[PDB]
Every structure is written in structure tokens, then in C-alpha cells.
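**Q** Dropping a structure here in C-alpha cells format, bear with me for questions.
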Ligand SMILES: CC(=O)O[C@H]1[C@H](C)[C@H](O)[C@H](C)[C@@H](O)[C@@H]([C@H](C)OC(=O)C(C)(C)CC(=O)O)CC/C=C(/C)C(=O)Nc2cc(O)c3c4c(c(C)c(O)c3c2O)O[C@](C)(O/C=C/[C@H](O[C@H]2C[C@@H]3OCO[C@@H]3[C@@H](C)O2)[C@H]1C)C4=O
Ligand SMILES: [Mg+2]
């Protein structure tokens, strides 16, 4: 269901927005989860260009610099 | 931090942190005093409780703040909330360079602009005004510039027109639903405290004039100005993203005008004459010679682009009216004259815009759409359409239909008293015969109301679609509908008691007549449930969109 | 009674037929009546301070035989009067002085007292007082306490079918709800096990409470079950058979006695078999030894020999067990009568789920339920359980509780004990089982017989009671250790504790609220209001919001808010009243035999239930026989045709279904209920206007709304006006209405321009002229938004329905300049701005007029003291109060320091705190008040004011006495002239010497005496009133800690009307004036008269409110009858010509209730009436009794105007005609106060919040607009990333980017160097403050 599928989100900062904050933070901190941003919700939280639209050019340009010599 | 009157106020963490410190400190002490086991254990347990209350309160005892009943808010409660995070959640951070106010019409606006109060714009663009004031040297220094606009010196208004000229502003309405809830406009300086909003957009926003208020935002950074102009701009989104159909569709007054414009009665001034072109058709109308709607042949030149990207021309004598000839003046190029030759209701008038978009493109549809509005309002104004009490016509046979259907109900009643039919079978029967009556009365006043203009041309008779005011509203699509008209003249419905049953004694009267105490009192339940349902289903819908944008 | 004196001025022509038998009662009844019972001396336990005292008193110590009891209580005169209490800001209150008696009983009595000291009226608390209009003044601000509606205490049985378990089967639960004390819940479960729970607490097996009542298993079984007697006679098992036991059962064996087999095996026993057994009287039958295998034995049974229990009570017998109790010598064995349909075997199986055994066990198991985890104790469990429902202290149902309880249990006594009895709980359980058995029904909460109405009096009674329990602990506590004669009932009973319960209610409570005073309808409709949730109750559920059949005549169907709480408010109906017991009852007409009798009868929600009630609209004549042989009536919850002589009662009025709000909408019967709600809902928002107008179209309530609400000034007694000033009105009382002593005249002091709660203007005007006769109950002076005693909430105007170049587009309104020029929709606002001089650790702030860095032009408008002059016109930014606060060692910078060297300025040690006029608002200063801490020296201006207030007080007080003395001596003159008349002789000598002359033996000598006594009292009462006033003036007003002094400036802004203002008619038609058009461009008729407003016709069909069109038409017609008179009055035809035509208007063709003139004096009286009619002819459309098309068109005939209600109109631009007629007429229109220059806000860079740096308004230059989640999605759906970043970074949350940005906006470089929002930067520290390590990786 729509509500069930949104539960799983790679970005833990995205999940901490709309899910129960306490549980997400613990479950990620144990696993040591590394949020790469890359999503919309999280980039807004952290205050950068949305990785879509005008910003879609930016993230692309950086993503390739990443994991790259 | 301190407050006025010298009282101090502080966060709850302090009451919490202090406890954890104290118990901890006492425990350190109780080791050097070598206290008995029963105590150091208890101090340790106590330290455990305070750390818990500091971190996440409510997972053990729910400690209460000092001298205050309310449990003190902890670090877990600072991050947390309803729902998830306080930071980005609705709602969602206040933002500078903004404003809001009550909105009014502004039919003069082109589709790409909006009336912005003079005063709002002064305070809104304040840094822009300061820098431009000392960029041209009208102000010695930024401070003196502050004093000039703070003084509202006459020279500043002209500088404001400069900082405004090409500089879009964002307009937003209250329940932002689709992306069209925010749209960019070019600001036009307006005396007065009201924001003026182009009527054609009023539909996408779901914005009335009954006092809805809207917010303005200034696109500061250069990337935001070109984004506002090239993405969120009004002229750049003319079509709803849900379905490709235009959301810029002419609204109520405008469509009543074009409906009254392209329409024809049976006999009218200038009937039968022929004119060279739309130009002298308008010359006939404005000058008082010819009636706006009369059947007339006029020479028109239409265009069809059926070549390969190329406009063909073809001219002919089209059999049409005076009003349609005049309206053709707005229609650009490659549209056939066929599109304006019909009666031009609100439905056809949207498909006119749609085809204009799919043939000539964006720019022609925009300047066209504007034109339709201007002309719609204007001709509607000449028309003198109104609504009087003698404009709502009740059928002459109504008293007879109610009486005939009322005999049916007393017959089924005779069958229930005699046991010929069961209580339920009776109830259902009575509900149906009353139901049939509603359809009977409704399709009665509709025939009488609809065609009843019955007129004479050079001969005995003929009958056309009625020109009665309230009817024109419903045929055009401006406002009102066969259901609502039916409530005015023919009987209105069978209301329903709160538990969901439907009263077997309909409301036999309507609004042109009076509703009595009972009829009105019974109507109350439907109204009261109506308002709640929209207000809860409004909220229910929003929850759905939330879940939806989250999953995508 | 045939028309009054202010009725002679203007008469409203009234359509409608139905005679009004009953008249709108006092609209303020509920609010005023309630508080009257609370504070009152009741020589009995009736609710009041007397009753609440008798509850908690007397308080006796613990065994110490030291008792402190209560004698009587009293309310001292208020500390400040209402007006003074408001200016200073304290609460309008009276001191509560209660006589208390301390008795000490001799230790080891016979009980007798060593000493009892009676403490004279110890003061406990100040209880607030209610205004003559039913508002309270809490701190200088008028407040209303809304009545609340709750579930009446008693017992109530509900269903809970469906949702539970989704097996169907329903459920049946009982609930005992006391007025105070714990809740007792009884409920079944899917297994037919009876359960009980205290509060919402753990569920417990029902029988466990009965054990706590000392009922052994045998008597519980003995209580709820019948006894089946089993006999062992001869051998093997006989049994008694009640011929009725066999109904609903199939024969299980051969049932035979008397040599005749009545029923065979397998044939169910129906009424025939039962008839045979009943009529043949078969008492004893022979039964098999196998029939008792299921039957439950009633009492205990033991074996006599071994003295051992064979079987315990409530155990199932078996064929083998019968042998073991048969051989023990048992002739009789008692069993349960159990039938799964009629009398259910529920309790028996309920005992099997019961973990407890005896009373102590149950009490233990109950106490451990309420307070678990801790070991229960015998003295503790016994004490707790006795303290729950059985103690007079912690539990009361009061009378209504006991009454509804006993009434619902089908008892006799309507009043009884305030606690529960074993009989009560057992009886309640009995009723619950009877419903599950099919006999009885469950009630429903939405019915108004279970819905009770509270109001201020009751709430305060409860609050004062709380003060008494928390002082009680203290009284016992002190009487604990007390020395004998040292302490007295003062050192014990405190003030703050008792005083603070009541103060917290009126001070902060959801039910004490600012009166909605923008408006007389606003006042009166607030004071009548209901709530269904608030504090004491459920603070999903749509069932209770919906309209109920009992709402008729009690609750308004159409006046409720449209929004989050719909049907959660309502309003009180027109004729509605609080029941004796507190329900809602409505007026009715008693129909005896076939006549409609004029005896009124008030029926409660349940009282009305069984009666058949006729309809308010029905046709009767002559003797009052129902004309039709059958009339529409409603009997029990539904309405259908009823026979001629059946009806028990009939509706009093056509109105009684609606509320005061809905009753003011003309042609309401013609408006759809949605828009009607909206209509009666918006009418309370009409801000009053500059010129009070009057509605041209009306209902006839407007008089009642004006008068009953206190906004107006009503004649106390009739007489002739001696003096009329815009200030006061003095009436010479008629002798028939006058009391013998003191004579008198009534001096009415009018309210002048002053602030309302909503910052509108509330100002009274004299409506009578010098030397005019006025009768008791006549309007003396109008209030705000009242005309000649009627209620005008706005101004009617000429309206045309037609699209005007789209300027009316949605609801937008196109208003002629003529409206704004005429200054008619103008509104006067009064704002209270304040300046506080506080105390900071750096030093005190000064109000001095010396303010750093302001020109002489700045300080001009201020006096020497630093406060603006009275009458000085001010605008935005202007300085009202100069204020400067110490801030030392500014610590400036190199370039600022060089600046000071060049321009040689000495930078002050003081910061500028002065109160300056809010931006953009401009008005005239009409007043200044200066409050100073007691002990700080009053400044110059403040001192001048004190002298000013002092002198002004003296003129007023003396003025009273001056007019009073003449009024008294003018009476002495008349009594001396009868029996000793000397006309010229008496008035020569000084008037003061009259008092010596006596008179011949008569009562007139005793009359002269009376006037003497009252004279001297007045001479001295004046003295005492003046002294007190002076002291109240010189005494330093008490201020807050830290505040040295406060200056309140009062600005009177006059705002007119502009695009953006909200306007609406009474019909639910909103609008926003869009353009203000020249008179030149306004659509006009052939006569050349422009039209004031051009409304869009398109708003009418969709929203079905047609009354607005009738309201237009008749309005036009009303204006017609006026214009006609304006011509005959401008012709000065004569009293004769006018009289004829006016009589013509008041008849209007047939069968109306109006009656009328030619009794009115043809000259002085007739001409004045016509003069008041010349504006338009005021008309009355009763609510459901209102006018008709025919009546309206006919009035248009008298008008000289077409029936169509439409005319020819010409566009003022082209001068050319308009095709088609447009409807023009006069629609009454209100200006709501949403006015655009309140709502409009804009911000560039404002102040910012400390905790998170985010825009926040501190100057009242509002913080920026809130950008939300949905608004964020909108930017994400567009491709606009940078607009979103700048929105949530530089424009808000970024402590750097905002400044880095701002410098660039002026620099001419549009960029942003966003950085990280402080919001997330805080989230980082917060997560990291926990044990969570959160880092930002890589690069
Ligand atoms: C500051 C204040 O006094 O306002 C008071 C008071 C309602 C008004 O101000 C003013 C007299 C107002 O009645 C008129 C005025 C024009 O208002 C409006 O028309 C608008 C359109 C603005 C209504 C709106 O806002 O939508 C209009 C009245 C007409 C209608 C159909 C109407 O009344 N609808 C209405 C709307 C409500 O929401 C509530 C409400 C409530 C109670 C017990 C009510 O009966 C309410 C109610 O009837 O409980 C809540 C949770 O919160 C309660 C908060 C405040 O109470 C204070 C009282 C004391 O003050 C200090 O401690 C105390 C504590 C309780 O707070 C409010 C109760 C609450 O929501
Ligand atoms: Mg609206």
C-alpha cells in the first residue's frame, strides 16, 4: 500500500521527517546508516538544491565527481 | 533569557539537566562516604531515572516540571512532535520578503500580471529600492536612502516602478493543492490595500472574491527570477497537469457574455441583411442600427493551416449572426470560423481555447485567452442580464402533478391498512411515486422555462430557446444547473432524516414559494450534514495527498 | 398598548397573519437568571453559596471535638464601581464576608463546649459580580460565560452494537454518572458475562462489587435469580411447575399430573398447552432424576451427618450428585430458573469468572484495581470502597442526578439521597439485565432530555466549592494542634486558597471570554450560546453535531458555525428557557377540546415526547377552532397529518424553531439552509457605522435586539423630559409612577465615544428632544448601530443586479463613489496604545520628553512631560509617549568613533523606548490616562489630569445634586399649596426656608416629612459620594512588579471604505468591494438617479438564496412609499392628503395583523410620522409568517413602480441603454469588520526569534509569511529549485545568508551564498547531545 511502501526509505533523514522520529534514529544509528542525500525531502531539510528541476543539473554534476578520481 | 517586568524564562532541559547533575554528584559523594549498599543502589537507580527523563521523557514515570504540572519537554520531544519533525513539517518555517492581504478582481489585468498594493511593494522591495536609490545617486548613503523611502518622498515611487518592471512576484492561496497553487505574475503598482488577481487564474487557485486572502513572495536571487518567469509564471502554465485540458477556461460572467453574444433570436434588427465583414458588423451594432443577435449573412475570411506549416486563406459568405461576426474579430488566424458559429456555451468556449493552443501554440492562446475575457465581461455588461423574482417560472401544471402523485400515496396507504402490501413494500412504493413526481415537475418547468420564448417573424409564429435570464445562466454554463434551477421553481427533492432514511413526504414547495417551518426544519439536516462533509472530506483529501507525495 | 410614544415617531408596516400570542421574552434571561441563583440568600439547600457552604460545613477535627461551623454569608459593596473598575483594570467584584462559629467540645464528654468564639464575618475571597446586562468585568474588559450542555447525571443504558467484535450480537452497558464523584460502569461481554469498571479502569467481574456490599454467593444468586423448587416426595424427584415456565421451551420429557398428560415429549408448549396447565391449575408434577443434570442449585447444601458440604451454592447438579444430596435426607433442592430468551442465566456464569470469594476479598481485589502494584490493606480497602460511591463527601448526584436516576429506574420518589445504596446498584444491574432480556430500550445521548444546560451561576458554585475543600484540609489541620481560646475562625481560613479557585475560572477558562462586542446582535447572541464540548467533557463523533428532533424550539437549526465545530455550538432559540431542573423547554398553546387556548405551557424535551403538537402555521378563526379538519402536526419525533380534535398543543409562534440571529433575516423561508447559516453567522460581524441607519426591510425583532441588549438607554420611569444634552438626559417622573419620599427625577448619563472589545466605537445619542413626554419602557437614547430604538447593523442602499465589465466577478462588489462620499459606510475605530516605564538591572526607564536623535519637529507634538496633547492629530510613526531606557557603555567602533569626532555629538547613556504610532494608522488622540506606582511622585501631565479628573468629578456630582434638589423642592411646592396654598407668597422667600412651614393635620404633613428626610440624606449622600470619588482619584494605582508607570493613549481612527473590505447582506452573500467607481460611470435609470452598488446576478442561482431578491424587490417598494411621501411632504400638501395615503399604506389589501391610525392626532402627531417615513417606508417581513409576492407587487403599485422589480438602466459611460431590464431595489447591507487595512501585511527584513533564528514580528510589523510543506511541494513540482533553496535558507533560517544576501540586494548583485539553515544545524546538536554521533561526511 502507498503508506506501507513509503515506510522503507534509504535516506534515514527522509524517514525521520514523516515517520516516528525516535525509532528511525535508533535503528539507523545502530546500523551506522550513511545518508547520501540524493532524495528530495532530505535535501530540503539540510537546505540545498533539490535533486530535481533547476537543481537536477547540480546533483548530476556532483554525483559523477563522487566515486570518481 | 530574561523577560519584561524582570521575570526569567528558560527551556525545560535545564530543570532536567540539573537533576541528572545533582544525583550524579551526590552519588560521587556517597562513594567517598562509603555508604551502605541499600543507598548507593538507590542513588544509582535514581541517576538512571534522571538520565531517562532528560533523553526521552515518558518511557518510565513521566517526570513533571518544577512547580508546573505539565511534564517537562525532553530532548527526544524537541526533535520529535506531530508529525515527525517540527523543522520542515507543516508548518514549516516563516519566510522574509513576504506579505498577504484580501484580494479583489482587476479585470483589466493581462493574463500575466496582478495588482500589487503600492504600500506592500514599498516594504517588499525595500533593499532593492535602497540600492537603486544610491545607485543612481538620489541618496547619499544607504542611511539617507532609508530616510527618503521612510519619508515616502515623491521621487521614490518612480524608482519603485523600476525595481518592479521586469520583476515577478509569487502569488499563493491557502490550501495549496497542485503546483498551480503558486504562480508568478508581473507586478502592477496599485493604489489601495487590495491584491488584484487576473480572473482567469481564479479557477486554478480555487480563489473567490468573498474575502479570500493571498500571499506574495519576492523572488530575490537571479536564478529565482528566471525560475519564476520561466516555470511558475502564469503564462507558462496554462494547462492542468492532471489532464492536458486548459485550466485557464473562461469563468462565469465572461461565458455569459459570449453566450449572449453568439446567440440568435428569431426576428431582430438587421435580420436578413448582408455585410462585407466583421468590421461593419460591429459598426452596425455599436451605432444602433442592428441587433446583436439576428440571422445575417456576412463575408468572412477564414484560414486553415492545412498546408505544411503554412496558412491557407479562404473567404466565403457564411450564414451567421451579428454577434458571431463581431466575436470572430478576436479568433487568431488558423482556426476555422466554425468554432464561433455555434451558440458558444462554457463547454464549447473551453474547446475553442484548447484547439487554439493545439494549432497556433502558446503565445496565440495567451493573447487570445485575455481577449476572450475582456470581450466576455464587456458584452455581458451591455446585455443587462439580471435576475428578478418573475424570472423563476413555476409550471402551470405543478399543483396538478403534486395532487395526482398525492393520490398514489393515499392509494398505497389504503393497501397497507388492508394488508394488501407490507409496511416496507408500502414505504418503498410511496417513496417512488413521490420520486416520479419530482421528475415530472422538474421536466415540466424545464420545458416551459427552456423554449418558451415564442415569437413571430413576418409570419405567425416560431419558438426558440428562451432568452429568460436565469435560463441563459444554466444553458451557457456560467452558473446554476438543472438541479439547482429545479429547486427554485419546481419542487425540491425529498430530504433525509439524520439516520440516513429518506422522508416519504418530500418538500412539495420551493424557494420562489415559501418553505414552512417543517419543510425548512427538515432541510436543515441536509445542509448541516453537507457543510460537515465538505469540511471533513476537504481534510480527508489532504491526508491522501500527503501519503501520496510521500510514496512518490 | 395601542402604540407607545417612540412608536408614534415611526411605525413599521408588518405583513403576516398569525397573531402573536406570546412575545419574545427577555433575551438575556439565561445569563442573568443563572448568576442570580448563585449569589443570593436562600433559606434552604437550593443551589447557591448557601448550598455550597452547607456541603463542606461544618468541618470537625479528628475526634478532637473541635468543630468550626458556618453561620451565614454576605456580599459587601464593590471595591470600585463598574466604570472605575474598568478604567483601572481590576475585576468588578464583591467581598464575601461569612460569619463563622468555632466550638470546642470538652474532652471525654458528654459533649459540651469549653468555649466557642464566633468570628465576625471573616473575609474569604472576592467573588466577581455580573453587570446589569450579564457580562462580568474580569480585568477592565467585558466577558461572557457561555452556557454549556452536557449529559445529565443519572443512569443511562446504551447499545454499542456493530463495531465491537464484528460478530453482530450487539452489547448492553449501563453507566452511572454523578455530578461529582467516581463513575460506575456496568457492561456485558460477548460471553454474556456482566462486568463493572470504576472510571475507565480495569474491567472487573460484575458480581465482585456486590460482594463488597456484603452479599454472600447465596444472596447474590438469591437476588438475581428465581427459585426452582425440587421435591423428593415418595421416591425420585417431584418438582413445582408454574404453568408459565413452559413458554418458549420444548418439552424435555413427559409432563404429567392429575392422571392427565398435558404435553407430550417433543411438542413445544405454546399458549394452548400453557392455557390448559394454567386453567387446570397443575402445581406439582413428577420429574425424572436426569432433569437436574444442568439445573444450578440455589443455596448451600451440606450432609447433616458428616456436617460436610455436599455441593456449594452456584454449582451444576448431576445425576450422581442428586444421589449424594438425596441420601443425606434432603426433601427440597432449590435451583435457578434459567431461560436463554426471557430471563437469562447470566449472573450465574458471571460468578464463575470471579476470582474473589468474600467481602474483604472483593474489597482487596477492587482496591488493587484502583491503585495497583502496592499491597492493599483492610482498613485501606474498606475505607476506599466506602469513600467511592457511598460518602456524602466525595460523591453527589444532587437532585437532578437522583431525580433522573430514580426516574429512569421507574421509581416514585423524584428527589432523594445524593449517594448510592445497595438497592440502587442492585436495581441498576436489574435494569441492565431486563434490557438484554428484551424488555426495555436504550436511551440516546443526543436527546435533549439527557442533555442539561449549565451557565455561569452553576459553574461558579462548583468553583467556590473547590475553594472550600482545599481550605478544609487547612481547617482540620489547624484544629489538629490548636490551643483553646487563642486561635479564632480567622487565623485558620485563608483567602488566597478560596479566592483563587473562583479567580482562575473567570480569569482563564474556556467559558469566560471577551464579549463579542462589535455589535448589539453580537453581544446578545454571545450571551445566548451553547456548547457541547469545552472543559468538563469530551474536549469519531459526528452523531452529537447533527440536528436532532428535540432541537425544535430549544436549539436553533440554522445558526451554528460552519467549520471545525459544526453543531458543536448552536445558539438558544427565540422563546427557549432553562428548565426548572435545567433542561431546555419551549412555549406551547394548550388545546382543550376543540379550541386553541391561550394558556401557555412549557414542555421539557421529555415532556413534549408523548403529546401531539399542532403546527405554528395553522388556520383557526372565531372561537379558535382549527379551520381544516386535519392539520399538520408533530407528535412523537415525527410529523404527519393529524385529526381535527386530537392535538393536545400548538406552536406558540412561527418563529420559535430558530434563533435571534436567524429571526432577523427577512424572507428566510426563501433561503437555502446553507446560505442561511452563513447569513445569520455573518450578521454578528457588522461593524457599526458613523450614521446609524436602520433596516428598511426587517422582521420585527430588531426592536427586541436593540432594547434587550444594554447598548441603548431605556426609560426607567415615564414623565416629561426636563433636559436633553448630548451628555445626559433628565426625566421628570410622573407622579403615578413616583415613590412618596425623595420625590425624584431620573438622571440618565449617556455613554460617549469609547472603545469596544473589538476596537470599534460604542457611542450613545439622545433620540428625544427637549420637553417631550416619554413613557416607561421607551427608548431614551440610541446605542451604536441602533435607530429610534430599532436595530440597524448597517445601511440599506440602492442595488442593481448586472455584470459590470467584470468588476463584480466572483462575489466582488462595485460601489459608486456616492457611497464613500456620503460617508455612510464609514467606521470609527478606537485603539488603546500603551507605554510602560519599567525597571531593568541597568536602571529605570524615564518617560521624559528628551529623546536622542529626533528633531524639534519630532518633539513638537509632545508636552513638557513627554506625552502627546489631547486632540493632537497623529499619523504613523508619530511619538505618543517619549520613553528612554538606560543602556551603558555602548562600545562603538573605529569608524563610528571618527564619525562622532567630526560631527561632535555626545552619544547618550539612554536608549529610545518611546511608544510611537503604529505604522500607517492615523487618528486623533482623544484621551490619555496615566497610572503611576503608588509611591513614585506624579509627573506634571499626570498631576494635571488628577486635578482635571477632580474638577470634572465635582461638576458631575454637584450637577446630580442640583437637578435633584430642584426636583425635590418642586414637589414640596406642590404639597405645600394643597391645604395652605400660597402661590405668589411661597416663592418669594429663599427656597431653603420652605422646610419650616408645617401643615394642618393630614397625611400631607407626613408627606412633607418624607421629603425632608430624603432631602437631608441626599445632602449628605452627595458629600460621601464626592469624598469616595476623590480618594479613588488620589490613591496610586497598583502596578506590576518592575513597572514604575504606564501611559495609555487612546486614538480614534476614522476608516472609510476601500477595495478589500468585506461586505455582506443578510442572505449569505459575501463580497469584497472591488472598485470604487465615479458617480458618472454608475448605471442609471431614466430619471437620472444612479445606483449605489452593482452586484453580480450570477451569485444568486448557484447559491439558492432567493430572499435576497424578494428583499431587493420589497426594498425598492419600501423606498417607493417613502419617495411618494417625500413628494407630498415637499409639496406641503396638507395633513389631510398625507393622512389618506399613509392609511392606504398601512392596510395593503387584506387579512394582516397590522391595524392602524386616524386615532393619531391629525396635526402635530401625523406630520412627524410622515417626516420619519420619507426616507423609505419601514416594513416587517415576519420570519416564516413573512410577506408574499402579491403583497410586495401591490406595495409596488402604491409605489408607482412596476411589478417586475426591474427597470431600464443606462451605462453611465456610453449613456446608451442596457438591453433587458435589470432588477434594482434596496438591499440592506452590513459592513463586516474584516476591513482590508487590518488584514494587509508585508515584510522585507524584520526581527528574528532567539531559539531558532526565524522571522518573528516584534514591532507588530508582522513576521514574514509562513511557507509550508504543501507550498514546498508546489515548488518541487515546478522545476524551481533555486526559488525553494532561497525560501528555506537565505530568506529565513540562515543566520549568515540573510545578511550576505541583503548586502548584495542593495549592492546590485542578485546571488545567494546559502550556507546551512540554523534549523538543521540545531537538529545536529540535539541528536549529538543524545548518545547519537551524527557527522557530515566526505567532500
Ligand atoms: C480571546 C478570546 O476570549 O476568545 C474567546 C472567544 C471565543 C472570542 O474571542 C469572542 C468572544 C468570539 O466568541 C466571537 C469572536 C468574533 O470570535 C470569532 O468569531 C472568530 C471568527 C474569530 C471565531 C474563531 O476564532 O474562529 C464570535 C463568536 C461566534 C461564534 C459562532 C463562536 O464563538 N465560535 C467559537 C469558536 C471557537 O473556536 C471556541 C473555542 C472554545 C470555546 C469554549 C468556544 O465557546 C468557542 C466558540 O464559541 O475553546 C477553544 C478551543 O479555545 C478558546 C479560546 C478563547 O478563550 C479564551 C477565554 C479566556 O481567555 C483567557 O483564558 C481563557 C481561555 C479559554 O481562552 C476564545 C474562546 C475554542 O476554540
Ligand atoms: Mg471564499
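Chains as they are written, first to last, in the deposited numbering: chain S, 1308 to 1376; chain H, 253 to 804; chain F, 1 to 539, 543 to 1342. We put the beta carbon where it would ideally sit given N, CA and C, even for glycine.
How do the segment 746-756 of chain H and the segment 511-528 of chain F stand: do at least 3 beta-carbon pairs fall below 8 Å, yes or no?
**A** They do not touch, by the three-pair rule.
**Q** Are the Cβ atoms of residue 445/H and residue 502/F separated by less than 7 Å?
**A** In this structure, residue 502/F does not lie closer than 7 Å to residue 445/H by Cβ.
**Q** Closer than 8 Å, Cβ to any Cβ of chain H: which residues of the segment 1308-1324 of chain S, in chain order?
**A** Correct list: 1309, 1310, 1312, 1313, 1323 and 1324.
**Q** Does residue 824/H come within less than 7 Å of chain S when only Cβ atoms are used?
**A** Past the boundaries of the shown model lies residue 824/H; chain H is included only from 253 to 804, so the question cannot be answered.
**Q** Suppose contacts are defined by Cβ-Cβ distances below 7 Å. Is residue 447/F in contact with residue 553/F by that definition?
**A** Yes, the Cβ-Cβ distance between residue 447/F and residue 553/F is below 7 Å.
**Q** Output yes or no for whether 7 Å exceeds the beta carbon distance between residue 473/F and residue 497/F.
**A** Cβ atoms of residue 473/F and residue 497/F: not closer than 7 Å.
**Q** Report yes or no: is there a C-beta of chain S within less than 7 Å of the C-beta of residue 340/H?
**A** Yes, residue 340/H lies at the interface with chain S (some Cβ there is under 7 Å from its Cβ).
**Q** Between residue 805/H and chain F, is there a C-beta pair that is closer than 7 Å?
**A** This structure cannot settle anything about residue 805/H, because the visible part of chain H is limited to 253 through 804.
**Q** Which residue wins for smallest C-alpha separation from residue 353/F, given the options 206/F, 425/F and 313/F?
**A** It is 206/F.
**Q** Please write down, chain order preserved, every residue whose beta carbon lies under 5 Å from a heavy atom of ligand 2.
**A** Checking every Cβ against the heavy atoms of ligand 2 under 5 Å gives 460/H, 462/H and 464/H.
**Q** From this set, 1031/F, 285/F, 63/F and 168/F, which residue's C-alpha is nearest residue 191/F's C-alpha?
**A** Of 1031/F, 285/F, 63/F and 168/F, the residue nearest in Cα terms is 168/F.
**Q** When burial is assigned at 16 or more other CB atoms within 10 Å of the CB, is residue 165/F buried or exposed?
**A** With fewer than 16 other Cβ atoms within 10 Å, it is exposed.
**Q** Does DSSP put residue 14/F in a helix, a strand or coil?
**A** Strand, per DSSP.
**Q** If you compare alpha carbons, which of 414/F, 204/F and 289/F is closest to residue 370/F?
**A** That would be 204/F, whose Cα lies nearest to the Cα of residue 370/F.
**Q** For the segment 1091-1098 of chain F against the segment 476-494 of chain H, do three or more pairs of beta-carbon atoms, one drawn from each stretch, fall closer than 8 Å, so that the two count as touching?
**A** With the cut-off at 8 Å, the segment 1091-1098 of chain F and the segment 476-494 of chain H do not touch.
**Q** Below 7 Å between beta carbons: does that hold for residue 171/F and residue 160/F?
**A** In this structure, residue 160/F lies closer than 7 Å to residue 171/F by Cβ.
**Q** Would you call residue 1115/F buried or exposed, if buried means 16 or more other Cβ atoms sit within 10 Å of its Cβ?
**A** Buried: at least 16 other Cβ atoms inside 10 Å.
**Q** From what residue to what residue does the alpha helix (DSSP H) around residue 628/H run?
**A** Here the alpha helix (DSSP H) through residue 628/H covers 614-635.
**Q** With C-beta atoms as the reference, is residue 1008/F less than 7 Å away from residue 14/F?
**A** Cβ distance not < 7 Å, so residue 1008/F and residue 14/F don't count as in contact.
**Q** Decide yes or no for the touch test of the segment 564-579 of chain F against the segment 594-601 of chain F: beta carbon pairs closer than 8 Å, at least 3 of them.
**A** Output reads no: the segment 594-601 of chain F does not touch the segment 564-579 of chain F.
**Q** Can you tell me whether residue 1044/F is buried or exposed, with buried defined as 16 or more other CB within 10 angstroms of its CB?
**A** By the 10 Å Cβ count, residue 1044/F comes out exposed.
**Q** Should residue 725/H go down as buried or exposed, given a rule of 16 or more other Cβ atoms within 10 Å for buried?
**A** Buried.
**Q** Between which two residues does the beta strand (DSSP E) harbouring residue 105/F extend?
**A** Start and end: 93-105.
**Q** Starting from the Cα of residue 296/F, find the closest Cα among 349/F, 246/F, 329/F and 326/F and give me that residue.
**A** Closest option to residue 296/F, Cα to Cα, is 349/F.
**Q** Can you look up residue 1061/F in the DSSP assignment and give me helix, strand or coil?
**A** DSSP places residue 1061/F in coil when its eight states are reduced to three.
**Q** Using a cut-off of 9 Å between C-beta atoms, extract the partners of residue 404/H located in chain S.
**A** Residues of chain S passing the Cβ test: none, with the nearest at roughly 36 Å.
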